[PDB]
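K.L.:
Have a look at this one.
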Amino acid sequence: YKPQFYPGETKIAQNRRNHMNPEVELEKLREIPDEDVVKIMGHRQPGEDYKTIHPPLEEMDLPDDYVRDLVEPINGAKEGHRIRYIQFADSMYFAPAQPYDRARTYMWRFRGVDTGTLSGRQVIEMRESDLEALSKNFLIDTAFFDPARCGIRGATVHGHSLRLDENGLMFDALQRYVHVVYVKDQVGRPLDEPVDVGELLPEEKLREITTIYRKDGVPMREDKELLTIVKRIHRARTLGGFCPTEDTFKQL
Amino acid sequence: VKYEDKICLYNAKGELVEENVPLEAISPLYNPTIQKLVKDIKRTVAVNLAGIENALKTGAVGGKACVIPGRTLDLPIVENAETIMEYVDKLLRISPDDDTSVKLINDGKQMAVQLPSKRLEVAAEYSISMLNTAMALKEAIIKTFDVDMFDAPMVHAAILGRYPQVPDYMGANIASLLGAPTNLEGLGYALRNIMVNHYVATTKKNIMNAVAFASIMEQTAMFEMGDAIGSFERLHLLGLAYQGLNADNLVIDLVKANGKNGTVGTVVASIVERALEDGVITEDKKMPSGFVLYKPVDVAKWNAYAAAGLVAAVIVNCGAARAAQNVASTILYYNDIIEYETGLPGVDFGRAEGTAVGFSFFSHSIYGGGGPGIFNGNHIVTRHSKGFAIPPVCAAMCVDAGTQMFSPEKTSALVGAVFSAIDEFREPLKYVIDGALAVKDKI
Amino acid sequence: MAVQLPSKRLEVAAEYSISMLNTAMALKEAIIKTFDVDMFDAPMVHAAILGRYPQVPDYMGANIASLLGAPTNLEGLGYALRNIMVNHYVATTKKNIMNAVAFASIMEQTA
Amino acid sequence: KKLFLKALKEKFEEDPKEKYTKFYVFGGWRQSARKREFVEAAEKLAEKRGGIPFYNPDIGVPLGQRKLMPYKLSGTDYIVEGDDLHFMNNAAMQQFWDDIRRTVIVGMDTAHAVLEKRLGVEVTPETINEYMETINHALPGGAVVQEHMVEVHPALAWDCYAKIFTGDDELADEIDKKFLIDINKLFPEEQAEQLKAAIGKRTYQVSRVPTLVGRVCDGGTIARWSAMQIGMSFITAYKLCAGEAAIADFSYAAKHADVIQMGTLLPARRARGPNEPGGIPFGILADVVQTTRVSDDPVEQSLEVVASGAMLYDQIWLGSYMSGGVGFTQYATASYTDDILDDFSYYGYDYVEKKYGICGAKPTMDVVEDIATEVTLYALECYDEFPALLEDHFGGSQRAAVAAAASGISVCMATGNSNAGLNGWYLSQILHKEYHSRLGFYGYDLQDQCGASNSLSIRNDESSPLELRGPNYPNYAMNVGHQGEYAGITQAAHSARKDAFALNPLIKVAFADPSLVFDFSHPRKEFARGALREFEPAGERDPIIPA
Amino acid sequence: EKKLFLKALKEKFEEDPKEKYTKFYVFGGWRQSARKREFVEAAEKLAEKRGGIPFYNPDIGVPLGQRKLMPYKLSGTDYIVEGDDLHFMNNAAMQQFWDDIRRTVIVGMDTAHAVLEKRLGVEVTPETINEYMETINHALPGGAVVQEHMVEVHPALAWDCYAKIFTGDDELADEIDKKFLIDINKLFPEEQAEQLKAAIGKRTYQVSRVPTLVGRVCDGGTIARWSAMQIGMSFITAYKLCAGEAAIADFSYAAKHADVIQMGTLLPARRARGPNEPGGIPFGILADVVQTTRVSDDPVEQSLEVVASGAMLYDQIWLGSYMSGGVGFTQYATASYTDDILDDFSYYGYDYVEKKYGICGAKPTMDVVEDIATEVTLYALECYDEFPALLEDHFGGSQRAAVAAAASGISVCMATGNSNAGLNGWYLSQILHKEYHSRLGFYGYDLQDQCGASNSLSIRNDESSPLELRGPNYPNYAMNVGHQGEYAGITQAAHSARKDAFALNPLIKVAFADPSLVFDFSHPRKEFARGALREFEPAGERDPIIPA
Ligand code: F43
Ligand SMILES: C[C@@H](OP(=O)(O)O)[C@H](NC(=O)CCCCCCS)C(=O)O
Ligand SMILES: O=S(=O)(O)CCS
Ligand SMILES: O=S(=O)(O)CCS
Ligand SMILES: [K+]
C-alpha cells in the first residue's frame, strides 16, 4: 500500500502532501549551527550535560511484557533525558508551514512526538537530545521555516494574524528577531551571542511553497476536491452518529 | 447467536488460543468472567489499617491538614490485624460457604474486604460495600479494644472521614475502584468512574491487561448507559473484541509491524491496508490528483479495526518516547490522519478525536485536568468517547518510565496492592478468553 | 406500558438507572423504525421520552417512570431504596393498610 | 458596501486592505485612557491596602506593543474602550445577569385550588388585588403577621416587586395596571395571540427578589425567598390560620409543583443550585431577550440573542464561575462588535432568500452542506480581503465562532430547524480547520469533532433539540465560543418562522416587563451604556454605608 | 452574685425587671421606632422610582408596635442598637464577615515547587517566591502578565484582593518580605504559635483572597477556580515556563484538587450548592475562623464570640436567606449574642464547673454530663422566672431553649474538653426545658433534639461524627434554627477549656489572623455593632463604575 497523505487538486494541497510524505526531503534553504539552536531553545547552554528525569531503561528492572518490548524506544528515551519543547508562530501571510500541517507532518515523519496545534502557536514537546537533532535537521534546515514568516516563540505568541511591519517581518511583542537575525531566545531573555538565520523569501516566492488557502493566493473554493472530502467526512460522521448501519450509509 | 461474526482468540503473548469463536462470547451479557469482574468490583473494598491507626493516634481526621487535639486514641490495630480480620468476616458473612472474603496484605497494614454477593443482590447500588465494611470495622475495633462511648466517634472519623457532612469520602481510610454515586457525570456512568492509574496499578503496568481491563469496564458501562442497545450493540461488541481483547491478534500484529521504526502515520497505513485486505472497506471514487475516496463495507467493523489501530498507535508512539504525556496528541492525530488518508470517519465517528482535543487542552493548560493517569470515563474531559479513548490512555501510563508527577505509585498505592492480588483483575484478557471458551457453544 | 428488563442486564450493571436508560433507548428505536421518522425530527422523540436530559442530571418532563428516584438526588450513601414516595406505596397496594405498611417496612429495612 | 467598513473606519488609520503597518511606537500601555485611569487608581489606593503591591503594568507582558483597539458595539454608534466591556467593569452586564437570577415564575391556579377545594375560601379578583398588594410589601422584606419583627431597609429593595400575567383576558381586565404584565399592551397582536394560545387560561405570578439577595447569597436562594413571602401573603390576604395543613400545599406548589426557574441544578464537578448560568438552556435564554417584539428583522433578533448569550456564557459563566481572572471578554466581544457577525449573517440571509427562501426548504444533508459551505467561504474570504479585519479578530477561536454562527443562523433561516443549523455550525468548523490549517485554541473543537455525530444522534446523553441543550450538555460543558452562538442559532430557527417564543412562553412574557432594571429589548445598546458608565444598577449598599 | 443581663435590661425597660405587670397599646404603634419611621419615609421617597407599584407599608397586616419595641445591646459591648440594624441585609459588617470567609482559599505550595524542581528542573529559591508573590498580587485582582491586547479589571473594585503566604518553617519565613507574609510568631502568643507550627509542620501555604465583587456577582464555587487560574499564570510568568505545557496541568490539579483547602464543601441535590457556601462549613472550621482565642485568655468569651459568629452565619445568612428568605431569622440569632444573657448563663456554668470538677478536671461520664447540664439549665430557666422582663426579651421559646442549652453544653465542655460530651449535655438541657415549662421551641425545633441523645454518641455511618466535623449538612441539623451557631460555640468550648490554639484546622486559624482582612475576626460582636451603626465600610461596591 502506498499512502495518499492528503486530498486536493491544487498545489497548496500538494505542498501539504509533500510535507506529510516522509520520502520527500525538501531542500536546505538555510544553515544554522547546532550551538546557536540550543541557545535559541534556552533550556541549556551549549556544553552543558543533558538533565535526566529518570534512570536509563537498561538499568530498570521491568517485568516481562512481550508487546511493550516490540517497540524500540527513541535515543532520548533510552538515556532518560528531560522533555523539552520548541514552538512556532506561523504567519497567515504565505508562511511555508502551518499549525495543523506541522502536526500532521510530525506525526507522519517522527517517532515519540507530542505536538500541540493552536491558531497562534504550534508546540512540539520531545526528548531534549532528539528534539535538538530534529529541530536542527528538519525545522531549521528544511524549506518548512522562513525567518520572516515563521517566528520561534515560547511565550507571547501574538502576531500570527497581524499585519507585517515596515520591513515585511511578522509582529513580535518581545522583538526576538530583527539579514534576519535573532537577538533573544524563545522565552524573551536576550542572548549574549546573536544568531544569523540567513535571508528571507519574498511573498511571490512563498506562494509556490505555502500550505495556506487565501483569496489573494489560492482560494479554497477553487479546490473542489478537498471541499468534497471535508463534506464527505462531515456526512459520514453525521450518519454514523445517527445510525451505524450499512442501510443509512447508502445516503452518503 | 444474533450475529454471524466470528473472532480468533489470541493472548497477551500473541499465541493463538482458539479459532472460529462467536462474537457474543465476549459480550458482557454472555461472558462469565466479565460478570465476575463487575460483581467483584461492586463487592470489594480496600482497607488501610495503618492509616486508621495513624489517624486515631495523631487525631488527624476529616480531610487534608485537619487535626482534632485532645481526641487521640493509641490503639495497636496493625498488631491485632488477625483478630480484626476474623471479626470483620464474622460480621459480614451470611452462610459459611458464601464468597465473603477478608484477606490481610503487607504484614496486616492493609486489608482486602469482599462482601458476600447476596448482600449486593438485595442492594440498589455498589456503595453498600464501603458502608458495611466501615461499620464492620468500627464494631471490630470498638469491641476488641473496649473503646469508650465518648471516644468512639473518632473511630468513625478515622475510617469514613468527614461523612455525613460531605456527600463524598473525604479523608477516609477505606477505598473502592468506584467513586461515590453522587459524583456521577450522567446516568449509568458508575463503571466509568475508575481512574486510569487504578487500572495500571491493578494490572501491574501490563499493557494488554490494562487495555483489556479498561475496555471491559468502559464497554460494560456502554451497555448500562444504553449506548449498546439495538443497532449500536454490534458496534460496541466489535469495539470491545478488537480494541480491548486483541481479536485476530490485530493490535499485536500492528505493534509488531510498526514497533521497530514505525510512526503514528505508518500504523494508520498498516490498519488501512489490513482493512482493505479483509474487505471491511472499499474504493468509492477515484478523484483528480489520484486521491482515492474510500467508503465502508461494514461501518461497525471499520470502527473496530480503526479502534484496534488507535491502541497500537498509542503503544508505538508512547512506547518510542516512554512518556505517557504523548497519548493526548497520539489519539488526536491518529484519528485526524486516518480521516484525511481515506476520507472515512475516525474512531467513534470523531468522538475519540474530540475527546483527545479536550484531553490535550486539559493536560497542557491552567484550566483543569492534570496528568494522563488522573482521568477516567466519568471525567468531564474524557466522557465524550463511548469507550474508545480511555483504554489507549491506560497503555500510555503502562509504558511511562516515570515522567509523570501524579503516577499510580502516588495516586493508587492502596487500591493497586489490593486488586493486583486477585487473579482475574491482574490478568483479565487470560480469564476473559477462558470465559469466552466456556460459553462459546452455550450462546 | 409496563417494561421489565431481563435480570441479567442488571447483573452486569452497577446501579438501577439502566432500566430507565435501556427502555428509553428501546422506545426511541421502536418509534423511529416503525414510523420511519426523519433524522432531523428524531431528537424530539428523545425529548418526548427522557425530557430535558442530559442538560438536567434528573428526569425533567420525561414520560417514563420508576419507583426509584435518580442516583444523583440521594440524601446519603445507600439511600436508593428509601427514595420511594409514600403515595407510590399506597397506589401500588391499592390503599390496603397491611400491604402498604408491609411494602414500606420491607423497603425501608432492606435499605 | 460591507457592514464592518463603517466600523473599521475609526479603529484603523490605514486602508483596511493594507497588509503592512508600523509597530513598537505607541508608548506601550500609556496609549489607552482606561490603562492610565487603572495605573493612577492603583497609586491612589496603595496607602489604604498597606505596603501590599497592586496592579502594575511593568509586571509581565508590556501591553501596547500594537495599536490597542477600542470596540464599536454592533447596531449602535457607540465606540467604547476594550476594558469597559469586561463584566467586572460593566454594571449593565452585571444587572443583566442579576435581573435573570432574581426572576422566578409561580403558577397561581394550584394555590387558588387549595383555597377553594380544601379550605373553602372563594378566590375573587378583589382578593387577588389584595394579595398582590400584600406580596409587594412582603417580597422586599416587610412584616405582615408577627409582632416585634425586624424589617429590610426599603432603599436596598426598590428593584424588588411581584407582577401577575395571564392568558385569560377575562381575569386580566379585573387586575390593576400596576400589578399586571399586559401581554396585549406589550406584544404585537399576532405574537400576543400565539403566546396566549401557548399559555392558555392559566394565571402566573412573576416574583423579582431584591438584587442584593442574589449578590450576598446565590441563585438557589431566589425560588426559596419568593416561596416564603408567597406563603405569608396567602396567610394575610385570606385571613387564614398562621400555620395549618393547607399551608404545606402552598409551599409544595411554590417550591416544586408549579415553579418555573431560569436554570436547573448542576452535577457535582460544577456543583451549583438552580438559577445559575450553567442551568439555563439556550431556548430559555433566547426567550429572555425581548428583541423579537420590538423588531421584524430576523437577523437582528438572532444576533441580539448571540450578544446576550456570548456575554453570559463566555464572560460571566465560563470566564468567571468556571475559570476566573482576566476572563474571556475578547472571546465574546467578537460576536457583538464592529458589525462583523452582522455582515456575515446578512450575506447568508440574502443567499438563503435567493436559493431557498426563508423556511422554504425542508432540512436535508444537501441543503445544510450547501448553505454552511457558502457562508463559511464568504466569512473566511472577508478575513483574507481585509488584513485589518483579521487583525481585529486576532484569535482563531473568535473567527471560527463568528463564521460558524452565521453559517448555522443561515441554515436555520432556510430550514427553521435548530438541529439543522447546529449541523451547519459543525461543518463550518471542519471547513474552517482545512481552510487556514488552524481553528481555535488548544481544545476549542472537542464539541466540534463530536459535533456532527451528536447533532442528529438519538442516544440518551447525545440527543436533544438545540432549544433543550445548554451549558450542561456534555460536549458544551467546558469551552468558549459556542454556547452564546448556539442560543443565536436556536433563536434563528424561530425568527425565520416568525414565532413569538422559542421554548417557554412564560419567560418571553416575564422579561417583557418594563419594571426590570435592564432593557432586554436592546442588549447591545445597554452594554454600550454600561461601558460608558451611564448605567445605574440595583443592589448598592449606599443607604447603609458611610459617604 | 450580681447578674450580667441587668445592665442591659434596666437600660431597655422603665419598670423593675422583677415586675410581672405593665401597660400596653399606648406606644403609638410602629411610630415609636426611629428606624420604622426611616423605612416608611424611604418607601415614600422611592415610590416615584418603582412607578405606581406599591412598596413597604406598615398598615398591611399586623400593626407593629403594640408591644414595647426593644432595642438591642450587643454582649460585651456598650453599644445599644435598633433591632432592624441587626438584620444581615441592613448590616454591612455581617455581609463583609461572610464575604471575607467566602473569598478565602488556601493552596499548598510544596507540591507546585516539587513539580518545578523534579519535573521541569527549575530551582525554587526565596528570591523566586518573593517574585511569584509580587506577580500574584497583580494577577489575582485581575491583571495581565503573558498575553498581548488583554483587558483588565478596574483596581478600585479589587483593592480588598491580595495573596499572602504563611509557613511552619521559620527558615523560609525570614527569607520572605513582611508585606507578603502572615507571621505566626508576630500575630499569635508564644504557646499558641508553637502549637500551630507543630500542627502545620514544615509546609508552605498560600492564602488567596479573591475580590469581594466576584463572590457577589457569582458564587462561592468561583473562588477556588479564580485563585487557581491566577496561581497557574504566576508560575508561568515568575518562572518563565512555556505558556502551556504538560507540567502546567499538575499545577492546576494541585491548586484545584490535591492541595486546596476550602471554607466549605459541596452539598446534596435538595440544597444543591458549590464549595465555599455556609452549609458546607463544619463547626470546627468556623470556630477556627473566629480569632478571639489569640486576643483573650477568657475561655467563656472565646466560646460566646464563636456563638455570635455562628448564630449570625448559620441562622441569619444560611437558614434565614439561602434556605428560606424573606424577613428572616434575626431575633433567633440576636438572643445568643445580645444583652449578656448567654454570658450570664455561661459564666454561672463556668463558676459551677471550676468549684466542683475544675476546668478539664473530669473525664467524660454520663453522671458528669447529667449533673452539669441539669444545673446550668435549672439556673437558666429560673432566671426567666425571677425576671418577667428577661422572659419578655426572649419571647420566643426557641431563643430560650437555644441559650439555656448552649450554656449547658459549653459548661460540660469546660469540665470534659470533649465536644460530643457537651453535645450530649445540650440534648439533656432540651429534654429538661420541655418538661419545665411544658413547651420548648417552634413547631419543629426539637427534630435534632429528640434524635439528639441517640446520635450524639452513635457509631453508625450517618449518625456518628465528632462535633468539630459536624455542620449544617449533618442530617439532623440540615433544617432548623437555634442549633448550628451554638454547636460551633460548644465545639470552641471543648478547646477553650484545653487552652488549644485551634479546634480542627490550624491553616484556617492562621489565615484569618491576617490584618489585611476587611472584617475584624478578633471581635465579631463589636464589629456587628459597628455595622448596625453604619460605621462599617465594606468592599465590593461599584461606585467607581456607577454614575454619581
Ligand atoms: C498562557 C496561555 C495558556 C493558557 O492556558 N491560557 C493562556 C493565557 C490565558 C489568560 C491570559 C492571562 C494573562 O495575560 O495574564 C486568559 C486571559 C485567562 C485568564 N487566566 O484570566 C486567557 N488566556 Ni489565552 N486568551 C485569548 C486568546 C488566546 C490565543 C491568542 C492567539 C494570538 O495570536 O494572540 C491563544 C490560543 C491560540 O493560539 O488559538 C491563547 C493561548 C494562551 N492563553 C496561552 C498564552 C499564549 C501566549 O504566550 O501568548 N489565548 C484568544 O484566542 C483571544 C481571546 C483571548 C482571551 C482574553 C479575552 O477573551 O478577553 C484570553 C484568555
Ligand atoms: C475540567 C474541569 O476542571 P477539573 O479537571 O475538574 O479541575 C472543569 N473546568 C472547566 O470546564 C473550565 C471551563 C472554563 C475554562 C476553559 C474555557 S475553554 C471545572 O472546573 O469544573
Ligand atoms: O493556550 S490554550 O489553548 O490552552 C488556552 C486558550 S485561552
Ligand atoms: O409556627 S412555626 O413553628 O411553624 C414557624 C416558627 S418561625
Ligand atoms: K453571589
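Identifiers for the C-alpha cells are assigned positionally: chains receive A, B, ... in sequence, residues are indexed from 1 per chain, and ligands are indexed from 1 in the order shown.
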Counting only C-alpha atoms and all ligand atoms, name the residues that have an atom within 9 Å of an atom of ligand 5; the answer should be given as a ChimeraX atom specification.
P.N.:
/D:212-219 /E:213-220
K.L.:
Write out the residues from the selection above, keeping C-alpha atoms, as a PDB file, in the first residue's frame.
P.N.:
ATOM      1  CA  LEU D 212     -28.896  42.388  46.996  1.00  0.00           C
ATOM      2  CA  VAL D 213     -30.189  38.843  47.912  1.00  0.00           C
ATOM      3  CA  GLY D 214     -28.606  37.125  44.852  1.00  0.00           C
ATOM      4  CA  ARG D 215     -25.448  39.212  45.479  1.00  0.00           C
ATOM      5  CA  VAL D 216     -25.000  38.328  49.212  1.00  0.00           C
ATOM      6  CA  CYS D 217     -26.279  34.722  48.657  1.00  0.00           C
ATOM      7  CA  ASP D 218     -26.763  32.700  45.379  1.00  0.00           C
ATOM      8  CA  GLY D 219     -29.335  31.825  42.655  1.00  0.00           C
TER       9      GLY D 219
ATOM     10  CA  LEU E 213     -17.195  41.671  43.928  1.00  0.00           C
ATOM     11  CA  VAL E 214     -16.502  38.167  42.411  1.00  0.00           C
ATOM     12  CA  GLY E 215     -18.400  36.255  45.155  1.00  0.00           C
ATOM     13  CA  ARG E 216     -21.154  38.917  44.928  1.00  0.00           C
ATOM     14  CA  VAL E 217     -21.679  38.754  41.102  1.00  0.00           C
ATOM     15  CA  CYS E 218     -21.035  34.946  41.026  1.00  0.00           C
ATOM     16  CA  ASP E 219     -20.941  32.350  43.910  1.00  0.00           C
ATOM     17  CA  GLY E 220     -18.582  30.636  46.418  1.00  0.00           C
TER      18      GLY E 220
END
K.L.:
Within 6 Å of ligand 3, counting only C-alpha atoms and all ligand atoms: which residues, as a PyMOL selection string?
P.N.:
(chain B and resi 361+365) or (chain D and resi 441-442) or (chain E and resi 244)
K.L.:
Could you take the residues named above and write them with N, CA, C and O atoms, as a compact mmCIF listing (two decimals), in the first residue's frame?
P.N.:
# COMPACT_ATOMS: atom_id res chain seq x y z
N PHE B 361 -5.81 19.71 25.60
CA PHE B 361 -6.05 21.01 26.22
C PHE B 361 -5.95 20.94 27.75
O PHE B 361 -5.23 21.74 28.33
N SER B 365 -2.69 22.86 29.93
CA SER B 365 -3.16 24.21 30.29
C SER B 365 -3.50 24.40 31.79
O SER B 365 -3.42 23.46 32.59
N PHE D 441 -8.27 27.66 19.85
CA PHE D 441 -7.24 27.37 20.85
C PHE D 441 -7.00 25.85 20.97
O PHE D 441 -7.60 25.08 20.21
N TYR D 442 -6.12 25.43 21.90
CA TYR D 442 -5.73 24.04 22.13
C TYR D 442 -6.90 23.05 22.12
O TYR D 442 -6.81 22.01 21.47
N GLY E 244 1.87 27.10 28.48
CA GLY E 244 1.01 25.96 28.25
C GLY E 244 1.75 24.70 27.84
O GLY E 244 1.96 24.47 26.65
K.L.:
Neighbouring residues of region 323-329 of chain B were defined as those with any atom within 7 Å, considering only C-alpha atoms; residues of the same chain fewer than 2 positions away were excluded. Please report them as a list in words.
P.N.:
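Result of the neighbour search: residues 113, 114 and 115 of chain A; 314, 318, 321, 331, 332, 333, 356, 359, 360, 372, 393, 396, 397, 399, 400, 401 and 403 of chain B; 246 of chain E.
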K.L.:
If you keep C-alpha atoms, can you produce a file of those selected residues as a JSON list (two decimals), in the first residue's frame?
P.N.:
[["chain", "number", "residue", "atom", "x", "y", "z"],
["A", 113, "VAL", "CA", 6.02, 13.04, 19.19],
["A", 114, "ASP", "CA", 3.87, 15.28, 21.46],
["A", 115, "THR", "CA", 2.69, 18.22, 19.31],
["B", 314, "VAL", "CA", -0.53, 4.71, 21.29],
["B", 318, "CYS", "CA", 4.15, 6.49, 23.66],
["B", 321, "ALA", "CA", 9.17, 8.11, 23.87],
["B", 331, "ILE", "CA", -5.19, 9.76, 19.91],
["B", 332, "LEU", "CA", -5.94, 13.15, 18.22],
["B", 333, "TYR", "CA", -3.67, 12.98, 15.14],
["B", 356, "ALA", "CA", -8.31, 13.84, 22.53],
["B", 359, "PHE", "CA", -7.57, 15.84, 26.63],
["B", 360, "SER", "CA", -4.60, 17.67, 25.01],
["B", 372, "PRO", "CA", -2.99, 11.36, 31.75],
["B", 393, "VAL", "CA", -4.70, 6.10, 27.73],
["B", 396, "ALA", "CA", 0.44, 5.08, 27.80],
["B", 397, "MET", "CA", 0.63, 5.01, 31.63],
["B", 399, "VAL", "CA", 4.68, 2.42, 29.08],
["B", 400, "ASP", "CA", 5.78, 5.56, 31.04],
["B", 401, "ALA", "CA", 9.30, 5.38, 32.54],
["B", 403, "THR", "CA", 7.82, 11.36, 33.56],
["E", 246, "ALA", "CA", 2.39, 19.13, 30.36]]
K.L.:
Give the residues of chain E that lie within 7 Å of chain B; count only C-alpha atoms, and format the answer as a PyMOL selection string.
P.N.:
chain E and resi 115+229+232+244-246+248-250+252-253+265+267-268+364+420-421+457+459-462+464-466+469-471+473-474+503-505
K.L.:
Step one, run DSSP on the backbone; step two, keep only residues of region 291-388 of chain E assigned to helix (DSSP H, G or I); then write them as a PyMOL selection string.
P.N.:
chain E and resi 292-294+299-322+330-337+341-354+366-386+388
K.L.:
Do you know which residues are within 7 Å of ligand 2 using only C-alpha atoms and all ligand atoms? Can you write them as an MDAnalysis selection string?
P.N.:
(chainID B and resid 362 367:370 380:381) or (chainID D and resid 269:270 318:319 322:323 443:444 477:480) or (chainID E and resid 225 252:253 256:257)
K.L.:
Print the selection's residues with C-alpha atoms to a file, as a short mmCIF file (atom, residue, chain, number, x, y, z; two decimals), in the first residue's frame.
P.N.:
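Saved as result06.cif:
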data_model
loop_
_atom_site.label_atom_id
_atom_site.label_comp_id
_atom_site.auth_asym_id
_atom_site.auth_seq_id
_atom_site.Cartn_x
_atom_site.Cartn_y
_atom_site.Cartn_z
CA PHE B 362 -6.64 19.82 29.83
CA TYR B 367 -8.00 25.50 33.30
CA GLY B 368 -8.14 21.95 34.68
CA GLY B 369 -7.47 18.26 34.18
CA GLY B 370 -3.92 17.13 35.01
CA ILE B 380 -15.97 15.86 32.08
CA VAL B 381 -12.93 15.98 29.70
CA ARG D 269 -17.94 18.58 39.38
CA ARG D 270 -19.54 22.00 38.67
CA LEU D 318 -17.08 30.28 31.59
CA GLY D 319 -14.95 33.39 32.26
CA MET D 322 -15.88 28.13 35.69
CA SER D 323 -12.48 29.91 35.40
CA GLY D 443 -9.15 22.48 22.87
CA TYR D 444 -11.73 24.56 21.01
CA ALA D 477 -19.67 21.96 29.45
CA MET D 478 -16.11 23.37 29.13
CA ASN D 479 -15.16 25.50 26.10
CA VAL D 480 -15.75 29.12 24.90
CA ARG E 225 -11.30 28.38 40.50
CA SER E 252 -3.98 23.05 38.05
CA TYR E 253 -4.66 19.63 39.71
CA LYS E 256 -7.98 22.89 42.34
CA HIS E 257 -7.99 19.41 43.99
#
K.L.:
Return as JSON, numbers by chain every polymer residue, whether protein, DNA or RNA, with at least one atom no more than 7 Å from an atom of ligand 1; count only C-alpha atoms and all ligand atoms.
P.N.:
{"A": [118, 119, 120, 121, 154, 155, 156, 157, 158, 159, 160, 161], "B": [365, 366, 367], "D": [324, 325, 326, 327, 328, 329, 330, 331, 332, 394, 395, 396, 397, 398, 440, 441, 442], "E": [139, 143, 144, 145, 146, 147, 148, 150, 151, 229, 230, 233, 243, 244]}
K.L.:
Taking only C-alpha atoms into account, which residues of chain C are within 10 Å of chain A, as a PyMOL selection string?
P.N.:
chain C and resi 39-40+42
K.L.:
If we count only C-alpha atoms, which residues of chain D reach to within 8 Å of chain B? Please list them as a list in words.
P.N.:
residues 267, 268, 269, 323, 442, 443, 444, 445, 446, 447, 448, 449, 450, 453, 459, 460, 461, 474, 475 and 477 of chain D
K.L.:
Would you give me, as number ranges by chain, the residues of chain C that come within 9 Å of chain E, using only C-alpha atoms?
P.N.:
C: 72-77
K.L.:
Take the selection from the previous step and output its residues with N, CA and C atoms, as a compact mmCIF listing (two decimals), in the first residue's frame.
P.N.:
# COMPACT_ATOMS: atom_id res chain seq x y z
N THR C 72 -28.44 10.65 41.68
CA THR C 72 -27.92 11.98 41.95
C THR C 72 -28.74 12.72 43.03
N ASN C 73 -30.02 12.36 43.23
CA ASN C 73 -30.85 13.01 44.26
C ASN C 73 -30.81 12.29 45.63
N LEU C 74 -29.82 11.39 45.83
CA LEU C 74 -29.65 10.65 47.08
C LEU C 74 -29.18 11.58 48.23
N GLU C 75 -29.85 11.50 49.39
CA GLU C 75 -29.52 12.31 50.56
C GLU C 75 -28.25 11.84 51.25
N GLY C 76 -27.98 10.54 51.13
CA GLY C 76 -26.81 9.88 51.67
C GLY C 76 -26.49 8.62 50.89
N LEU C 77 -25.38 7.97 51.23
CA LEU C 77 -24.95 6.73 50.58
C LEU C 77 -25.84 5.58 51.05
K.L.:
May I have the residues within 7 Å of ligand 4, computed using only C-alpha atoms and all ligand atoms, as an mmCIF file with N, CA and C atoms, in the first residue's frame?
P.N.:
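File produced: selection31.cif:
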data_model
loop_
_atom_site.group_PDB
_atom_site.id
_atom_site.type_symbol
_atom_site.label_atom_id
_atom_site.label_comp_id
_atom_site.auth_asym_id
_atom_site.auth_seq_id
_atom_site.Cartn_x
_atom_site.Cartn_y
_atom_site.Cartn_z
ATOM 1 N N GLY D 243 -50.483 28.927 60.184
ATOM 2 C CA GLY D 243 -49.833 27.628 60.218
ATOM 3 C C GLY D 243 -50.797 26.476 60.397
ATOM 4 N N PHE E 442 -40.349 26.250 68.491
ATOM 5 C CA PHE E 442 -41.393 26.312 67.481
ATOM 6 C C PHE E 442 -41.876 24.897 67.122
ATOM 7 N N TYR E 443 -42.803 24.790 66.155
ATOM 8 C CA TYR E 443 -43.429 23.548 65.702
ATOM 9 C C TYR E 443 -42.455 22.392 65.516
ATOM 10 N N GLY E 444 -41.309 22.635 64.862
ATOM 11 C CA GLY E 444 -40.333 21.578 64.632
ATOM 12 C C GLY E 444 -38.921 21.958 64.989
#
K.L.:
Write out as a list in words which residues come within 10 Å of region 185-191 of chain D when counting only C-alpha atoms, dropping same-chain ones fewer than 6 positions away.
P.N.:
residues 197, 290, 292, 293, 294, 498, 499, 500, 501, 508, 509, 512, 513 and 514 of chain D
K.L.:
Kindly save the residues from that selection, with C-alpha atoms included, as a compact mmCIF listing (two decimals), in the first residue's frame.
P.N.:
# COMPACT_ATOMS: atom_id res chain seq x y z
CA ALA D 197 -52.61 30.17 22.81
CA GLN D 290 -37.07 40.73 24.02
CA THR D 292 -38.41 39.74 18.84
CA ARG D 293 -41.35 42.03 19.92
CA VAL D 294 -39.58 45.36 19.03
CA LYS D 498 -41.90 34.49 12.83
CA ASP D 499 -42.51 32.70 16.19
CA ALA D 500 -43.32 34.72 19.34
CA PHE D 501 -41.21 32.41 21.64
CA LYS D 508 -40.99 35.72 26.99
CA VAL D 509 -43.87 37.36 28.90
CA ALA D 512 -41.23 41.94 28.54
CA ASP D 513 -41.87 43.72 31.91
CA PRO D 514 -40.77 47.42 31.86
K.L.:
Expressed in Å to a single decimal, how great is the separation between CA of residue 413 (chain D) and CA of residue 518 (chain D)?
P.N.:
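CA of residue 518 (chain D) lies at a distance of 28.7 Å from CA of residue 413 (chain D).
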K.L.:
Write out as an MDAnalysis selection string which residues come within 12 Å of residue 390 (chain E) when counting only C-alpha atoms, dropping same-chain ones fewer than 4 positions away.
P.N.:
chainID E and resid 3:10 12:13 15:20 70 335 338:342 380:386 394:396 399:400
K.L.:
Residues of chain A within 8 Å of chain D, using only C-alpha atoms, as a PyMOL selection string?
P.N.:
chain A and resi 92+98-101+116-120+156+160-166+168+171+173+211-216+220-221+227+230-231+234-235+237-243
K.L.:
Based on DSSP run over this structure's backbone, return all residues of region 177-282 of chain E in strand (DSSP E), as a list in words.
P.N.:
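DSSP on the backbone gives strand (DSSP E) at residues 204, 205, 206, 207, 208, 209, 260, 261 and 262 of chain E.
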K.L.:
Store the residues picked out above, limited to C-alpha atoms, as a compact mmCIF listing (two decimals), in the first residue's frame.
P.N.:
# COMPACT_ATOMS: atom_id res chain seq x y z
CA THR E 204 4.35 26.38 52.95
CA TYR E 205 0.77 27.57 52.19
CA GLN E 206 -0.62 30.41 50.06
CA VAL E 207 -3.74 32.26 51.23
CA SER E 208 -5.53 33.88 48.27
CA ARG E 209 -8.31 36.39 48.89
CA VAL E 260 -6.60 23.07 48.10
CA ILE E 261 -8.28 23.97 51.45
CA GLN E 262 -11.79 25.37 51.03
